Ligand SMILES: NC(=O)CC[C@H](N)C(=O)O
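Before any questions on binding or motion, here is one chain by itself as structure tokens, the form solved without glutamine (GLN).
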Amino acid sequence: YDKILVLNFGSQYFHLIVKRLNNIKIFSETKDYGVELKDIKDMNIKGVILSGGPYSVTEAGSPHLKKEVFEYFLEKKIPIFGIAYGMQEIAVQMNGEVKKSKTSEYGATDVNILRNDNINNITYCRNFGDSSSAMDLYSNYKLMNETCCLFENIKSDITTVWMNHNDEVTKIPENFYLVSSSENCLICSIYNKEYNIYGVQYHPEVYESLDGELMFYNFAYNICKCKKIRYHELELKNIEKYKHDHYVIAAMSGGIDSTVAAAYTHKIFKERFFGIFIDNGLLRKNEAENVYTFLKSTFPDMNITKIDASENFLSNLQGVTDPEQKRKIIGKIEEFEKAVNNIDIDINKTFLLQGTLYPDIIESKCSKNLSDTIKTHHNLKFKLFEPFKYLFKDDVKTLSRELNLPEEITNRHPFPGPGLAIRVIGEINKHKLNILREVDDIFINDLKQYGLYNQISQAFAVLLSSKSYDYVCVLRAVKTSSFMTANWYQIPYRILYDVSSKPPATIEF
């Protein structure tokens, strides 16, 4: 049977967490924080938690996990979860800055920071530095846009959680993300999506508090499907499809998710699917003349003639920015029902693929995003293939897996679905970027060979030419696992990087 364990740092309360992880019939027991690797390498553990309290980070000798073991754990693709001091130090292994909080956090106090949408709400935001406008937090630090897969099926934004810590965590780690920000302690959690490194300064503990409790249930089960694993395979050998009434179909935008989903749908046979939208020079400019060749050639007998956009017209449309009509185009994923199918395959009986992930279809199922859009049209009007729900973002970046796919395609960063219709305002033309011959790919080309993809995750272009008030184009980069975090990174210290406080500019301002 499966098992979740503890690497305990300072747990005067750990039988409650064994009570938790075991309320859910999953196996849990105690081990020292200096427990041998050779022991834990044999067994079916896909979760490890850390527990601690008000132990000082300033004076070493306080509990600590070594490197080779950190590498060991990050390589096996097992997610990491720390509680207060455990997360205090998951932020030190990966970064590290904990100064002195004259105040404490004790007992159960209301914590209410959970989304990328928090200005006037917070009352304690003026607890330091005379913050007349609470966009400062949103600027210097940012949360995972994708609302709440954490705390699934509930959103009580008031989490009144047990704590007892005099010292406070003061800084954000890499792949910056911030799940909570309390009253006295305006930082209360930090979680990275792809590595799924959770960290929470609040201690659930005794039974008078709720929300905190179910977190461990959906924790155990949603980080890892233990008792019932199915991480690939299941819904694939699951396609009747009678006669030539229908075969599989693929939606594309240049996707790792679908670089191998191709194969999942393929089954060879000369072929059985078709591609949809994206020869766009916008997407990998070199692969516009070479996009459909490579999409035919990574697996040789593949096929390619997706009806596809190439860039974005200028003032054919609005010569201004209308928040409704700026970007609202999918631009290129279904979009058309008529002759998207090159054979008069049956109207609805024909199947479909999409590169939509459980973390990517969840923007869809949930609240439609304010700032950022990847790939819309996401069942209905077609045929339910249900491949979404299979695995996550890092899981499908690794979906290249044993397919041992070319690494220069993984060094290139993903592309959503709008193009430079997102955050490019109004008219424009040829003397302007339409084949994405600026920002993004620039970075990409020296992200591969100078050595920056290892640390930096993504980058894009933002052009602004509605009048000539002014017509600029401004650069910036993002270090994101989840779908939003774009803070200032130290590239070895009139295009602009990050002179502004991050907002009032966004990933796509």
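For every residue, the number given is its place in the sequence shown, counted from 1.
Below, we turn to the form deposited with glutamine (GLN) bound, even though it does not appear here.
Ligand-free form, site status blocked: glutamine (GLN), modelled in by superimposing site C-alphas onto its pose in the bound PDB entry, brings 3 or more atoms within 2.4 Å of backbone or C-beta atoms. For the three residues 171, 173 and 489, a heavy atom within 4.5 Å of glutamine (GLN) turns up in the bound PDB entry in no case. Between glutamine (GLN) and the residues 203, 285, 142, 332, the one pair within 4.5 Å by heavy atoms in the bound PDB entry involves 203. Note on the partner interface in the bound PDB entry: the residue among 118, 164, 411, 95 having a heavy atom within 4.5 angstroms of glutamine (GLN) is 164. The closest non-hydrogen atom of residue 55 lies within 4.5 Å of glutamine (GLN) in the bound PDB entry. Taking the partner from the other structure, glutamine (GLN) in the bound PDB entry has no heavy atom within 4.5 Å of any heavy atom of residue 278. Contact check for residue 88: a non-hydrogen atom falls within 4.5 Å of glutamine (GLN) in the bound PDB entry. Interface membership of residue 251, defined by any non-hydrogen atom within 4.5 Å of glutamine (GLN) in the bound PDB entry, is ruled out. Per the 4.5 Å heavy atom criterion, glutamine (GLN) in the bound PDB entry is contacted by stretch 47-55, the sole one of 47-55, 448-456, 64-72, 23-31.
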